[PDB]
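Report on the structure given below.
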Amino acid sequence: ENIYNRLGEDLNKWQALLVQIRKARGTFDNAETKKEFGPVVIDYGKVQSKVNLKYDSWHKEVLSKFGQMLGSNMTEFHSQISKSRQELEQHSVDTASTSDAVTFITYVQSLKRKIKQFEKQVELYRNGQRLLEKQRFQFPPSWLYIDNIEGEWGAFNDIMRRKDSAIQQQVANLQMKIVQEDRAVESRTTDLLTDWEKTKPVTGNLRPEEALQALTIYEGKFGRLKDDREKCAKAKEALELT
Amino acid sequence: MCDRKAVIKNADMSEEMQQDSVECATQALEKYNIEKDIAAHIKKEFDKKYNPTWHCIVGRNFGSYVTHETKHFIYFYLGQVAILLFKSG
Amino acid sequence: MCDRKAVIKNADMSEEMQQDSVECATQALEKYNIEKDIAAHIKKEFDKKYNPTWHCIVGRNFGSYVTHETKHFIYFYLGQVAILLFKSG
C-alpha cells in the first residue's frame with residue numbers, strides 16, 4: 001500500500017519499478033551460503049533464500065496490479081471500435097442536417113489528438129504487456145491478447161482517415177448551402193427590420209392587450225429569426241472553412 | 001485436461017464469442033486429429049451458434065488475408081495449432 | 001521461368017479463371033516470399049478482377065472447411081505450396 005500510494009497512477013514509472021526490481025533480483029544472485037570472516041562463520045544462505053522468495057512474491061504481486069488498467073485501455077479500444085463503426089456509417093455529404101454532421105466533424109478533429117494519445121498509451125502498453133509474458137503471466141482468455149484488439153485499432157484508424165478526410169474535402173456543396181442559408185437569414189433580418197419599423201405600436205390609442213398580443217407574435221417570430229441567425233453563425237464557425 | 005493456452009491472437013469480436021471459440025476449438029482438437037476435420041467441426045458449431053456464414057482454418061503453416069464481417073473475426077493459437085475463424089457472407 | 005506445374009486438387013469455377021488463378025499465384029510466388037503477402041496479393045487481384053469478396057489461403061500445411069459461392073472455388077498446389085482461393089462475401 002505504501003509503495004503503491006507513493007507511485008500513484010503512472011505506467012512508465014511502473015515499468016521503471018519493474019526493471020528496477022528485476023535488476024535488483026539479478027544483482028542479488030549468489031551461490032555461496034556462508035561468508036566466513038577469520039575464525040567466525042555466519043549463516044548467509046538461509047536468509048538469502050528467504051529474501052529472494054520475498055523479492056519474488058513482491059515482484060509478482062506488483063506485476064499483478066497492471067492488468068486492471070490494461071483492462072481500462074481494452075475498454076477504450078472497444079468503445080472506440082464498436083461506436084466508430086456506427087459513426088462512420090452515420091454521416092454523408094447530403095442530409096442538410098449538416099450542422100450535426102459538421103458537429104460530429106468537429107468532434108472527430110477533437111478526437112484526433114486523443115487518437116495519438118491513445119496510440120502512445122498503446123505503445124506504452126505494448127511494451128508493458130511484453131514484460132507480462134517475460135514475467136510469465138497467465139494471460140487468462142478473459143482479456144484480449146495482442147492485435148487481438150490492437151489489429152482492430154489499426155483498422156479503426158485507417159478506416160477513419162480513409163473516408164472522414166474525403167467527406168471533409170467534399171464540403172463546397174455544404175459551404176454554398178451555408179452561404180445561401182445565411183443570405184436568406186439576412187434577407188429575413190432586413191424584412192423583420194422593416195416589419196418592426198412598420199409595426200411600432202408606440203401610439204397610445206391602440207388597446208394595450210391587442211397590441212401586446214401582436215407584439216408577442218412579433219417577438220415569437222423574432223426569437224425564431226434570432227435562433228436561425230445564431231445557428232447559421234455557429235454552423236459557419238464550427239465548419240470554420242467558410 | 002491438457003492445458004493448451006489459447007492465444008486469441010488477432011480479433012474483431014466480443015470476449016464471450018472468443019472464449020466460446022477457444023472452448024469449441026479445444027473440444028475439436030480433443031475430438032479429431034485432422035486439420036480439415038477440426039475446421040469443419042468448429043465452422044459447423046459456430047454456424048449453428050451465431051448464424052451463418054463463417055470460414056475456419058486450422059493448421060501449422062499458413063498465411064492469410066481476407067475480409068470478414070465486423071465483430072465476427074478471430075485468429076488464435078491452441079498448443080501448436082493456429083486457428084482462424086472469420087465471418088463474411 | 002520455374003515450371004512449377006500447378007496440380008489442381010479441387011475446383012468449382014471455369015477453366016479460364018482456373019488458369020487466371022494459377023498465373024496470379026505463380027506471379028505472387030515469384031514476387032513474394034511470405035505466404036501472407038502472397039495471399040493478400042491474390043485476394044486483392046481477385047477483388048479487382050472478379051470482385052469482392054474473395055479469400056485466399058497460402059501455406060504448406062493447413063486444413064480448410066469453408067463455404068463458397070458457386071463457380072468461385074479453387075484449391076491447388078504450386079510445388080509444395082497449397083493455395084485455396086474461394087469467394088465469400
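Residue names in the C-alpha cells use chain letters A, B, ... in the order shown, residue numbers from 1 in each chain, and ligand numbers from 1 in the order shown.
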Counting only C-alpha atoms, chain C residues within 9 Å of chain B, as a PyMOL selection string: chain C and resi 34-41+43+52-67+88-89
Pull C-alpha atoms from the residues just selected and write them as a PDB file, in the first residue's frame.
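Full text of selection13.pdb as output:
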```
ATOM      1  CA  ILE C  34       5.822 -14.564 -47.321  1.00  0.00           C
ATOM      2  CA  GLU C  35       2.661 -16.669 -47.517  1.00  0.00           C
ATOM      3  CA  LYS C  36       0.506 -13.892 -46.045  1.00  0.00           C
ATOM      4  CA  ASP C  37       1.733 -11.428 -48.682  1.00  0.00           C
ATOM      5  CA  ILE C  38       1.038 -13.945 -51.471  1.00  0.00           C
ATOM      6  CA  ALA C  39      -2.482 -14.460 -50.126  1.00  0.00           C
ATOM      7  CA  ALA C  40      -3.045 -10.698 -49.826  1.00  0.00           C
ATOM      8  CA  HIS C  41      -1.828 -10.134 -53.392  1.00  0.00           C
ATOM      9  CA  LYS C  43      -7.058 -11.676 -52.789  1.00  0.00           C
ATOM     10  CA  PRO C  52     -15.041  -8.851 -53.684  1.00  0.00           C
ATOM     11  CA  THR C  53     -15.270 -10.635 -51.523  1.00  0.00           C
ATOM     12  CA  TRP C  54     -12.559 -13.180 -52.267  1.00  0.00           C
ATOM     13  CA  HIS C  55     -10.439 -15.018 -49.708  1.00  0.00           C
ATOM     14  CA  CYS C  56      -7.010 -16.532 -50.337  1.00  0.00           C
ATOM     15  CA  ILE C  57      -5.021 -19.051 -48.287  1.00  0.00           C
ATOM     16  CA  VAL C  58      -1.353 -19.812 -48.972  1.00  0.00           C
ATOM     17  CA  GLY C  59       0.522 -22.396 -46.940  1.00  0.00           C
ATOM     18  CA  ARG C  60       2.309 -25.717 -46.820  1.00  0.00           C
ATOM     19  CA  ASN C  61       0.171 -27.440 -44.147  1.00  0.00           C
ATOM     20  CA  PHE C  62      -3.409 -26.424 -43.379  1.00  0.00           C
ATOM     21  CA  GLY C  63      -6.888 -27.890 -43.137  1.00  0.00           C
ATOM     22  CA  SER C  64      -9.806 -25.937 -44.541  1.00  0.00           C
ATOM     23  CA  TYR C  65     -13.591 -26.305 -44.487  1.00  0.00           C
ATOM     24  CA  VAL C  66     -15.258 -23.232 -45.972  1.00  0.00           C
ATOM     25  CA  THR C  67     -18.470 -22.232 -47.712  1.00  0.00           C
ATOM     26  CA  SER C  88     -17.312 -15.320 -49.854  1.00  0.00           C
ATOM     27  CA  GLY C  89     -18.983 -12.001 -49.093  1.00  0.00           C
TER      28      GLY C  89
END
```
Using every C-alpha atom paired in order, could you least-squares fit chain B onto chain C and give me the moved chain as a compact mmCIF listing (two decimals) with N, CA, C and O atoms, in the first residue's frame?
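Below you can see superposed05.txt, which holds the result:
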```txt
# COMPACT_ATOMS: atom_id res chain seq x y z
N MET B 1 12.19 -19.45 -66.32
CA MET B 1 10.97 -19.67 -65.55
C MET B 1 10.96 -21.05 -64.91
O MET B 1 11.10 -22.07 -65.60
N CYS B 2 10.80 -21.09 -63.59
CA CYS B 2 10.72 -22.36 -62.86
C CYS B 2 9.34 -22.96 -63.08
O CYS B 2 8.33 -22.43 -62.62
N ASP B 3 9.29 -24.08 -63.80
CA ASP B 3 8.03 -24.70 -64.17
C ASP B 3 7.40 -25.45 -63.00
O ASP B 3 7.54 -26.67 -62.88
N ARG B 4 6.72 -24.72 -62.11
CA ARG B 4 5.97 -25.33 -61.03
C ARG B 4 4.58 -25.74 -61.52
O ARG B 4 3.67 -24.91 -61.57
N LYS B 5 4.38 -27.03 -61.79
CA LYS B 5 3.04 -27.51 -62.22
C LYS B 5 1.97 -27.07 -61.21
O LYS B 5 2.18 -27.27 -59.99
N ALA B 6 0.86 -26.49 -61.69
CA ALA B 6 -0.24 -26.04 -60.80
C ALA B 6 -1.34 -27.11 -60.75
O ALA B 6 -2.10 -27.25 -61.73
N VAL B 7 -1.42 -27.83 -59.63
CA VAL B 7 -2.42 -28.93 -59.55
C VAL B 7 -3.76 -28.33 -59.12
O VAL B 7 -4.04 -28.36 -57.90
N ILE B 8 -4.53 -27.77 -60.06
CA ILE B 8 -5.89 -27.28 -59.70
C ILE B 8 -6.57 -28.44 -58.96
O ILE B 8 -7.25 -29.24 -59.63
N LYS B 9 -6.38 -28.53 -57.64
CA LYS B 9 -6.89 -29.70 -56.86
C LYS B 9 -8.42 -29.79 -56.91
O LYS B 9 -8.93 -30.56 -57.74
N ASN B 10 -9.10 -29.09 -55.99
CA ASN B 10 -10.56 -29.07 -55.97
C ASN B 10 -11.00 -27.72 -56.53
O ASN B 10 -10.24 -26.76 -56.46
N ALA B 11 -12.19 -27.67 -57.12
CA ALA B 11 -12.61 -26.43 -57.75
C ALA B 11 -14.09 -26.45 -58.10
O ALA B 11 -14.64 -27.48 -58.51
N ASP B 12 -14.73 -25.29 -57.91
CA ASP B 12 -16.06 -24.94 -58.42
C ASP B 12 -15.88 -23.58 -59.08
O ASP B 12 -16.02 -22.55 -58.43
N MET B 13 -15.55 -23.60 -60.37
CA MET B 13 -15.23 -22.39 -61.14
C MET B 13 -15.04 -22.82 -62.59
O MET B 13 -15.04 -24.01 -62.90
N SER B 14 -14.89 -21.84 -63.47
CA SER B 14 -14.59 -22.13 -64.86
C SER B 14 -13.10 -22.37 -65.06
O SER B 14 -12.29 -22.14 -64.16
N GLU B 15 -12.73 -22.83 -66.26
CA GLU B 15 -11.34 -23.21 -66.52
C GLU B 15 -10.46 -21.97 -66.70
O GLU B 15 -9.30 -21.95 -66.28
N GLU B 16 -11.01 -20.93 -67.34
CA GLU B 16 -10.26 -19.69 -67.53
C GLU B 16 -9.90 -19.05 -66.20
O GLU B 16 -8.77 -18.59 -66.01
N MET B 17 -10.86 -18.98 -65.28
CA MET B 17 -10.58 -18.35 -64.00
C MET B 17 -9.59 -19.18 -63.18
O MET B 17 -8.77 -18.62 -62.44
N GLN B 18 -9.61 -20.52 -63.33
CA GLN B 18 -8.61 -21.34 -62.65
C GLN B 18 -7.21 -21.12 -63.23
O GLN B 18 -6.22 -21.09 -62.49
N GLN B 19 -7.10 -21.01 -64.56
CA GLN B 19 -5.78 -20.75 -65.14
C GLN B 19 -5.29 -19.35 -64.80
O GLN B 19 -4.09 -19.12 -64.62
N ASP B 20 -6.22 -18.39 -64.71
CA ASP B 20 -5.86 -17.07 -64.23
C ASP B 20 -5.37 -17.14 -62.79
O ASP B 20 -4.43 -16.44 -62.42
N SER B 21 -6.01 -17.99 -61.98
CA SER B 21 -5.52 -18.23 -60.62
C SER B 21 -4.11 -18.81 -60.63
O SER B 21 -3.25 -18.37 -59.86
N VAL B 22 -3.86 -19.80 -61.49
CA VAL B 22 -2.54 -20.43 -61.55
C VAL B 22 -1.49 -19.41 -61.94
O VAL B 22 -0.42 -19.32 -61.32
N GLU B 23 -1.79 -18.59 -62.94
CA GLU B 23 -0.87 -17.57 -63.41
C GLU B 23 -0.61 -16.52 -62.33
O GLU B 23 0.54 -16.16 -62.06
N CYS B 24 -1.68 -16.03 -61.69
CA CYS B 24 -1.54 -15.00 -60.67
C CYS B 24 -0.76 -15.51 -59.46
O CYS B 24 0.07 -14.80 -58.90
N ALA B 25 -1.03 -16.75 -59.04
CA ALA B 25 -0.32 -17.32 -57.91
C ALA B 25 1.14 -17.60 -58.24
O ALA B 25 2.01 -17.43 -57.38
N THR B 26 1.43 -18.03 -59.47
CA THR B 26 2.82 -18.17 -59.90
C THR B 26 3.53 -16.82 -59.84
O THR B 26 4.66 -16.72 -59.36
N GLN B 27 2.85 -15.76 -60.31
CA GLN B 27 3.42 -14.42 -60.23
C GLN B 27 3.69 -14.00 -58.79
O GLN B 27 4.76 -13.47 -58.47
N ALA B 28 2.71 -14.24 -57.90
CA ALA B 28 2.87 -13.84 -56.50
C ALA B 28 4.03 -14.59 -55.85
O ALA B 28 4.87 -13.98 -55.19
N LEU B 29 4.09 -15.91 -56.04
CA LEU B 29 5.19 -16.70 -55.49
C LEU B 29 6.54 -16.28 -56.06
O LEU B 29 7.55 -16.37 -55.35
N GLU B 30 6.58 -15.83 -57.31
CA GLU B 30 7.82 -15.28 -57.84
C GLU B 30 8.14 -13.91 -57.25
O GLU B 30 9.31 -13.53 -57.20
N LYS B 31 7.13 -13.18 -56.80
CA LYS B 31 7.34 -11.81 -56.35
C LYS B 31 7.57 -11.68 -54.85
O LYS B 31 8.37 -10.84 -54.42
N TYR B 32 6.91 -12.50 -54.03
CA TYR B 32 6.97 -12.36 -52.59
C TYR B 32 7.39 -13.68 -51.96
O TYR B 32 7.25 -14.75 -52.57
N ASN B 33 7.91 -13.61 -50.73
CA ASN B 33 8.40 -14.78 -50.02
C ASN B 33 7.56 -15.13 -48.79
O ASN B 33 7.84 -16.15 -48.14
N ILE B 34 6.56 -14.33 -48.45
CA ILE B 34 5.76 -14.52 -47.25
C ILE B 34 4.39 -15.05 -47.64
O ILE B 34 3.71 -14.46 -48.50
N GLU B 35 3.97 -16.14 -47.00
CA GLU B 35 2.68 -16.76 -47.32
C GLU B 35 1.53 -15.78 -47.13
O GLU B 35 0.61 -15.72 -47.96
N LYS B 36 1.57 -15.01 -46.05
CA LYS B 36 0.58 -13.96 -45.86
C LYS B 36 0.59 -12.98 -47.03
O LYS B 36 -0.46 -12.58 -47.53
N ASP B 37 1.79 -12.61 -47.48
CA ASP B 37 1.92 -11.68 -48.61
C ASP B 37 1.45 -12.31 -49.91
O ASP B 37 0.82 -11.63 -50.73
N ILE B 38 1.73 -13.59 -50.13
CA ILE B 38 1.24 -14.27 -51.33
C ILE B 38 -0.28 -14.26 -51.36
O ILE B 38 -0.91 -13.92 -52.37
N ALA B 39 -0.89 -14.62 -50.23
CA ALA B 39 -2.35 -14.62 -50.14
C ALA B 39 -2.90 -13.22 -50.34
O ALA B 39 -3.93 -13.04 -51.01
N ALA B 40 -2.24 -12.21 -49.77
CA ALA B 40 -2.70 -10.84 -49.93
C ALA B 40 -2.67 -10.42 -51.39
O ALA B 40 -3.65 -9.84 -51.90
N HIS B 41 -1.57 -10.70 -52.09
CA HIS B 41 -1.47 -10.31 -53.49
C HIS B 41 -2.52 -11.03 -54.33
O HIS B 41 -3.20 -10.40 -55.16
N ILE B 42 -2.69 -12.33 -54.12
CA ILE B 42 -3.65 -13.09 -54.92
C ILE B 42 -5.07 -12.60 -54.66
O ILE B 42 -5.85 -12.38 -55.60
N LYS B 43 -5.42 -12.39 -53.39
CA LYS B 43 -6.76 -11.93 -53.04
C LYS B 43 -7.02 -10.55 -53.60
O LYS B 43 -8.11 -10.27 -54.10
N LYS B 44 -6.04 -9.65 -53.51
CA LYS B 44 -6.21 -8.31 -54.04
C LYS B 44 -6.40 -8.33 -55.55
O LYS B 44 -7.26 -7.63 -56.09
N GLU B 45 -5.60 -9.15 -56.25
CA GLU B 45 -5.72 -9.23 -57.69
C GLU B 45 -7.09 -9.76 -58.10
O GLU B 45 -7.74 -9.21 -59.00
N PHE B 46 -7.57 -10.80 -57.42
CA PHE B 46 -8.87 -11.36 -57.79
C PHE B 46 -10.01 -10.44 -57.37
O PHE B 46 -11.03 -10.36 -58.06
N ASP B 47 -9.84 -9.70 -56.27
CA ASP B 47 -10.81 -8.67 -55.90
C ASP B 47 -10.92 -7.61 -56.98
O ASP B 47 -12.02 -7.17 -57.32
N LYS B 48 -9.78 -7.20 -57.54
CA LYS B 48 -9.80 -6.26 -58.66
C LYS B 48 -10.44 -6.90 -59.89
O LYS B 48 -11.07 -6.20 -60.70
N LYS B 49 -10.29 -8.21 -60.05
CA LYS B 49 -10.66 -8.83 -61.32
C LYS B 49 -12.13 -9.24 -61.39
O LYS B 49 -12.87 -8.74 -62.24
N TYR B 50 -12.59 -10.14 -60.51
CA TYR B 50 -13.90 -10.76 -60.68
C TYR B 50 -14.94 -10.25 -59.67
O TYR B 50 -15.97 -10.91 -59.48
N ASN B 51 -14.67 -9.12 -59.01
CA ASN B 51 -15.54 -8.42 -58.05
C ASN B 51 -15.72 -9.16 -56.72
O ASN B 51 -16.04 -10.35 -56.71
N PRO B 52 -15.68 -8.43 -55.61
CA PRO B 52 -15.49 -9.04 -54.29
C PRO B 52 -16.66 -9.96 -53.90
O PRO B 52 -17.74 -9.90 -54.49
N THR B 53 -16.44 -10.81 -52.88
CA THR B 53 -15.23 -10.86 -52.03
C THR B 53 -14.65 -12.27 -51.91
O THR B 53 -15.40 -13.23 -51.71
N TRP B 54 -13.33 -12.40 -51.99
CA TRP B 54 -12.67 -13.70 -51.87
C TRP B 54 -11.95 -13.88 -50.55
O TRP B 54 -11.82 -12.96 -49.74
N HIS B 55 -11.45 -15.10 -50.35
CA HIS B 55 -10.59 -15.47 -49.24
C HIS B 55 -9.57 -16.48 -49.74
O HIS B 55 -9.93 -17.52 -50.32
N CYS B 56 -8.30 -16.16 -49.53
CA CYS B 56 -7.18 -16.92 -50.08
C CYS B 56 -6.22 -17.28 -48.97
O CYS B 56 -5.85 -16.42 -48.15
N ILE B 57 -5.81 -18.54 -48.94
CA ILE B 57 -4.77 -19.02 -48.03
C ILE B 57 -3.65 -19.64 -48.86
O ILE B 57 -3.91 -20.29 -49.88
N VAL B 58 -2.42 -19.39 -48.44
CA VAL B 58 -1.22 -19.93 -49.06
C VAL B 58 -0.38 -20.55 -47.95
O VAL B 58 -0.09 -19.88 -46.95
N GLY B 59 -0.02 -21.82 -48.10
CA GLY B 59 0.73 -22.45 -47.03
C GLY B 59 1.19 -23.85 -47.37
O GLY B 59 0.91 -24.39 -48.45
N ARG B 60 1.91 -24.44 -46.42
CA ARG B 60 2.35 -25.82 -46.48
C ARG B 60 1.45 -26.79 -45.73
O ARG B 60 1.11 -27.84 -46.29
N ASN B 61 1.06 -26.47 -44.51
CA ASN B 61 0.30 -27.42 -43.70
C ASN B 61 -0.94 -26.70 -43.19
O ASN B 61 -0.85 -25.90 -42.25
N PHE B 62 -2.08 -26.99 -43.81
CA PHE B 62 -3.34 -26.40 -43.38
C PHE B 62 -4.49 -27.27 -43.86
O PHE B 62 -4.46 -27.83 -44.96
N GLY B 63 -5.50 -27.39 -43.00
CA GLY B 63 -6.75 -28.03 -43.36
C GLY B 63 -7.89 -27.05 -43.21
O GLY B 63 -7.90 -26.22 -42.30
N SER B 64 -8.87 -27.14 -44.11
CA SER B 64 -9.91 -26.13 -44.20
C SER B 64 -11.26 -26.75 -44.51
O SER B 64 -11.35 -27.85 -45.05
N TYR B 65 -12.32 -26.03 -44.14
CA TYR B 65 -13.71 -26.39 -44.43
C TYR B 65 -14.57 -25.13 -44.33
O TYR B 65 -14.84 -24.65 -43.22
N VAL B 66 -15.01 -24.61 -45.48
CA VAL B 66 -15.69 -23.32 -45.57
C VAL B 66 -16.92 -23.45 -46.45
O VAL B 66 -17.28 -24.54 -46.91
N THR B 67 -17.60 -22.32 -46.66
CA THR B 67 -18.63 -22.20 -47.68
C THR B 67 -18.26 -21.09 -48.65
O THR B 67 -17.86 -20.00 -48.24
N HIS B 68 -18.38 -21.37 -49.95
CA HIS B 68 -18.03 -20.39 -50.96
C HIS B 68 -19.23 -20.15 -51.85
O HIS B 68 -20.24 -20.85 -51.78
N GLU B 69 -19.10 -19.14 -52.71
CA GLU B 69 -20.10 -18.90 -53.74
C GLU B 69 -19.87 -19.85 -54.91
O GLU B 69 -18.73 -20.19 -55.23
N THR B 70 -20.95 -20.24 -55.56
CA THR B 70 -20.87 -21.19 -56.67
C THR B 70 -20.08 -20.59 -57.83
O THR B 70 -20.13 -19.38 -58.08
N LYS B 71 -19.35 -21.46 -58.54
CA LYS B 71 -18.45 -21.09 -59.63
C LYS B 71 -17.32 -20.18 -59.19
O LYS B 71 -16.71 -19.50 -60.02
N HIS B 72 -17.04 -20.13 -57.89
CA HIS B 72 -16.12 -19.16 -57.32
C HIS B 72 -15.25 -19.79 -56.23
O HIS B 72 -15.19 -19.31 -55.10
N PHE B 73 -14.62 -20.91 -56.55
CA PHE B 73 -13.79 -21.65 -55.61
C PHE B 73 -12.73 -22.47 -56.34
O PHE B 73 -13.00 -23.08 -57.37
N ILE B 74 -11.52 -22.50 -55.77
CA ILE B 74 -10.41 -23.31 -56.26
C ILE B 74 -9.48 -23.61 -55.09
O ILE B 74 -9.40 -22.85 -54.12
N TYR B 75 -8.78 -24.74 -55.18
CA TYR B 75 -7.68 -25.08 -54.29
C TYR B 75 -6.73 -25.94 -55.10
O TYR B 75 -7.16 -26.90 -55.76
N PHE B 76 -5.45 -25.59 -55.07
CA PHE B 76 -4.47 -26.18 -55.95
C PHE B 76 -3.11 -26.16 -55.28
O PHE B 76 -2.98 -25.75 -54.12
N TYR B 77 -2.11 -26.62 -56.01
CA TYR B 77 -0.74 -26.67 -55.53
C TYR B 77 0.20 -26.15 -56.60
O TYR B 77 0.13 -26.57 -57.76
N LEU B 78 1.08 -25.24 -56.21
CA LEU B 78 2.16 -24.75 -57.05
C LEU B 78 3.47 -25.06 -56.33
O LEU B 78 3.72 -24.55 -55.24
N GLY B 79 4.29 -25.91 -56.94
CA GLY B 79 5.52 -26.33 -56.30
C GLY B 79 5.21 -27.07 -55.01
O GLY B 79 4.53 -28.10 -55.01
N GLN B 80 5.72 -26.55 -53.90
CA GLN B 80 5.42 -27.07 -52.57
C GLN B 80 4.46 -26.18 -51.80
O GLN B 80 4.56 -26.11 -50.57
N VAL B 81 3.56 -25.49 -52.48
CA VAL B 81 2.68 -24.51 -51.87
C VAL B 81 1.23 -24.84 -52.21
O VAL B 81 0.85 -24.83 -53.39
N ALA B 82 0.42 -25.11 -51.20
CA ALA B 82 -1.01 -25.28 -51.39
C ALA B 82 -1.69 -23.93 -51.28
O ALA B 82 -1.44 -23.16 -50.34
N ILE B 83 -2.56 -23.64 -52.25
CA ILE B 83 -3.20 -22.34 -52.37
C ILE B 83 -4.70 -22.56 -52.52
O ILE B 83 -5.14 -23.22 -53.47
N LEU B 84 -5.47 -21.99 -51.61
CA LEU B 84 -6.93 -22.02 -51.64
C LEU B 84 -7.45 -20.62 -51.91
O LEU B 84 -6.94 -19.65 -51.34
N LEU B 85 -8.46 -20.52 -52.77
CA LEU B 85 -9.09 -19.27 -53.14
C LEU B 85 -10.58 -19.53 -53.31
O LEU B 85 -10.98 -20.15 -54.30
N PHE B 86 -11.40 -19.05 -52.39
CA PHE B 86 -12.84 -19.26 -52.56
C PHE B 86 -13.57 -17.95 -52.32
O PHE B 86 -13.17 -17.13 -51.49
N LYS B 87 -14.67 -17.77 -53.04
CA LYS B 87 -15.48 -16.57 -52.93
C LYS B 87 -16.74 -16.85 -52.12
O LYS B 87 -17.48 -17.78 -52.42
N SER B 88 -16.96 -16.03 -51.10
CA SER B 88 -18.16 -16.14 -50.29
C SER B 88 -18.39 -14.79 -49.63
O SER B 88 -17.63 -14.40 -48.73
N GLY B 89 -19.41 -14.07 -50.07
CA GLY B 89 -19.70 -12.75 -49.54
C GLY B 89 -20.49 -11.87 -50.49
O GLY B 89 -20.53 -12.10 -51.70
```
Which neighbours of residue 211 in chain A fall inside 12 Å, counting only C-alpha atoms, when residues of the same chain fewer than 5 positions from it are skipped, and could you give them as a list in words? residues 199, 200, 201, 202, 203, 204, 205, 206, 216, 217, 218 and 219 of chain A
Compile a residue-level contact table for chain A against chain B at a cut-off of 12 Å, reporting for every qualifying residue the shortest atom pair and its distance in Å to one decimal, with only C-alpha atoms counted, rows ordered by chain and ascending number, as a tab-separated table.
```
residue	atom	partner	partner_atom	distance
A:74	CA	B:15	CA	10.8
A:75	CA	B:15	CA	11.3
A:77	CA	B:12	CA	10.9
A:78	CA	B:14	CA	8.8
A:79	CA	B:14	CA	11.8
A:81	CA	B:12	CA	9.0
A:82	CA	B:71	CA	8.2
A:83	CA	B:71	CA	11.7
A:84	CA	B:70	CA	11.6
A:85	CA	B:70	CA	8.6
A:86	CA	B:70	CA	11.2
A:133	CA	B:7	CA	11.8
A:137	CA	B:5	CA	11.3
A:138	CA	B:5	CA	8.6
A:139	CA	B:7	CA	8.5
A:140	CA	B:5	CA	8.5
A:141	CA	B:19	CA	6.4
A:142	CA	B:15	CA	7.0
A:143	CA	B:15	CA	7.3
A:144	CA	B:8	CA	6.7
A:145	CA	B:8	CA	5.6
A:146	CA	B:9	CA	5.7
A:147	CA	B:10	CA	4.8
A:148	CA	B:10	CA	3.6
A:149	CA	B:11	CA	5.9
A:150	CA	B:10	CA	7.6
A:151	CA	B:10	CA	6.2
A:152	CA	B:12	CA	6.2
A:153	CA	B:12	CA	9.7
A:154	CA	B:10	CA	11.4
A:155	CA	B:12	CA	9.8
A:156	CA	B:12	CA	10.7
```
Run DSSP on the backbone and tell me which residues of chain B come out as strand (DSSP E or B); list them as a ChimeraX atom specification. /B:6,10-12,54-65,73-78,81-87
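Relative to CA of residue 101 in chain A, CA of residue 113 in chain A is found at 19.6 Å.
Separating CA of residue 26 in chain A from CA of residue 56 in chain A is a distance of 11.3 Å.
Take CA of residue 30 in chain A and CA of residue 18 in chain A: the distance between them is 20.6 Å.
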Return as a PyMOL selection string the full set of residues in chain B whose backbone-based DSSP assignment is alpha helix (DSSP H). chain B and resi 15-31+35-50
For the residues in the current selection, export C-alpha atoms as an mmCIF file, in the first residue's frame.
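Result went into out00.cif, see below:
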```cif
data_model
loop_
_atom_site.group_PDB
_atom_site.id
_atom_site.type_symbol
_atom_site.label_atom_id
_atom_site.label_comp_id
_atom_site.auth_asym_id
_atom_site.auth_seq_id
_atom_site.Cartn_x
_atom_site.Cartn_y
_atom_site.Cartn_z
ATOM 1 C CA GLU B 15 -14.820 -11.544 -25.486
ATOM 2 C CA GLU B 16 -17.557 -14.135 -24.883
ATOM 3 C CA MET B 17 -17.558 -15.276 -28.502
ATOM 4 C CA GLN B 18 -13.744 -15.539 -28.457
ATOM 5 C CA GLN B 19 -13.809 -17.691 -25.311
ATOM 6 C CA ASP B 20 -16.541 -19.789 -26.909
ATOM 7 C CA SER B 21 -14.167 -20.131 -29.869
ATOM 8 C CA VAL B 22 -11.334 -21.214 -27.553
ATOM 9 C CA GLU B 23 -13.564 -23.771 -25.834
ATOM 10 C CA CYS B 24 -15.010 -25.135 -29.089
ATOM 11 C CA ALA B 25 -11.588 -25.412 -30.740
ATOM 12 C CA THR B 26 -10.163 -27.145 -27.661
ATOM 13 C CA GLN B 27 -13.071 -29.600 -27.894
ATOM 14 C CA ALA B 28 -12.487 -30.173 -31.616
ATOM 15 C CA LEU B 29 -8.742 -30.728 -31.178
ATOM 16 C CA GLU B 30 -9.523 -33.198 -28.386
ATOM 17 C CA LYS B 31 -12.061 -34.966 -30.615
ATOM 18 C CA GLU B 35 -6.970 -30.209 -39.517
ATOM 19 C CA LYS B 36 -9.715 -30.275 -42.145
ATOM 20 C CA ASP B 37 -11.923 -32.076 -39.616
ATOM 21 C CA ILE B 38 -11.070 -29.601 -36.833
ATOM 22 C CA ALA B 39 -12.004 -26.699 -39.099
ATOM 23 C CA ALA B 40 -15.188 -28.489 -40.166
ATOM 24 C CA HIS B 41 -16.302 -29.096 -36.579
ATOM 25 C CA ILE B 42 -15.522 -25.535 -35.477
ATOM 26 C CA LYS B 43 -17.228 -23.976 -38.504
ATOM 27 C CA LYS B 44 -20.301 -26.185 -38.123
ATOM 28 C CA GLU B 45 -20.601 -25.385 -34.417
ATOM 29 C CA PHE B 46 -20.330 -21.644 -34.990
ATOM 30 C CA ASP B 47 -22.749 -21.868 -37.937
ATOM 31 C CA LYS B 48 -25.226 -23.457 -35.537
ATOM 32 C CA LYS B 49 -24.444 -20.858 -32.877
ATOM 33 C CA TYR B 50 -24.123 -17.281 -34.203
#
```
Counting only C-alpha atoms, what is within 10 Å of residue 121 in chain A, bar same-chain residues fewer than 5 positions away, as an MDAnalysis selection string? chainID A and resid 11:12 73 115:116 126:127
Using C-alpha atoms, can you export the residues from the last selection as a CSV table (one decimal), in the first residue's frame?
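The result, written out as out25.csv:
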```
chain,number,residue,atom,x,y,z
A,11,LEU,CA,2.5,3.4,-16.2
A,12,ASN,CA,6.0,4.4,-17.3
A,73,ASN,CA,-7.2,0.5,-22.3
A,115,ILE,CA,-6.2,9.1,-31.0
A,116,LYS,CA,-2.5,9.9,-30.9
A,126,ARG,CA,2.5,-2.9,-25.9
A,127,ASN,CA,5.8,-2.5,-24.0
```
